[PDB]
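Coming up is one lone chain in structure tokens, specifically the form deposited in one PDB entry.
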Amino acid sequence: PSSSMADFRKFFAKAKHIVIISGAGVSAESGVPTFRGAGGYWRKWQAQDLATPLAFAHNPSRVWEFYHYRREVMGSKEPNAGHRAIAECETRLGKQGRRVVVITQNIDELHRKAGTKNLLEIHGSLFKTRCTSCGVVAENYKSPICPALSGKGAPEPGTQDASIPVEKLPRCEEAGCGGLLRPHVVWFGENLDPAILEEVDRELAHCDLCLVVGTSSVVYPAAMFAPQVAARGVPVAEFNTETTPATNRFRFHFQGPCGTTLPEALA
């Protein structure tokens, strides 16, 4: 693919419907542990080990420890220059009658914290719960999410399983439900929300410009989103520290932290 910014900036100068798809690179640049590999571990596991309905079924305490860690750690993280540039870009192009939509794979809400409005969080949120009994989805920023998790979730291996009994894990507070809560996060082996997918479809169908920022394009179906946009001929710009299995299907490929390239690229 090209690495010519002047040429990217041509299309960008005129684009009316920009779709910006983001992945864990963008969060990593804020200091958010994304447990992707080849050295993204929590104790002895990575996301694909613990972010699964099987992991949750067999050890709900350990999965809760993991997401508890990840919730707490966010207290000190801020959005980075890439987040801000995306958010200001939206605000600016907005005024000019031009559309910017963010489609994120990330569950950390940094795009929201930065000021992004048109945000599709296709894999859910660290700060939302769903009740496994009644299905209610609720925002939850509570630190700690429950008393029994106070002081738990330490990432060092060797760390002992808290083994909270399920009664003392996060429970639904809807009168007379009592159900066990889970993170409102799309796990491996689960479906994305079809209502969210239809939105994403509408956005990809109607876009004239597409950016794919800090994604390693190995997570499906999100990995198909940008290639689909390049398949109607629409230019896709990959912003990434590395090349990916998707790279040669795109128009551009800008190397480096999204924090460095995006503020230039979306000025």
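Sequential numbering from 1, following the sequence displayed. Only the largest set of C-alpha atoms that superpose within 1.5 Å between the two forms is called the rigid core.
Heads up, the form deposited in another entry isn't pictured, but that's what we're talking about next.
Superposition on the rigid core between this form and the one not shown places the CA atom of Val219 2 Å or more away from its counterpart. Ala47: CA moves 2 Å or more between this form and the one not shown after rigid-core fitting.
Pairwise change in the other entry: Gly40 and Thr260 C-alpha atoms lie farther apart than in the shown form, at least 3 Å.
Note: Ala222-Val212 Cα separation is 3 Å or more shorter in the other entry than here.
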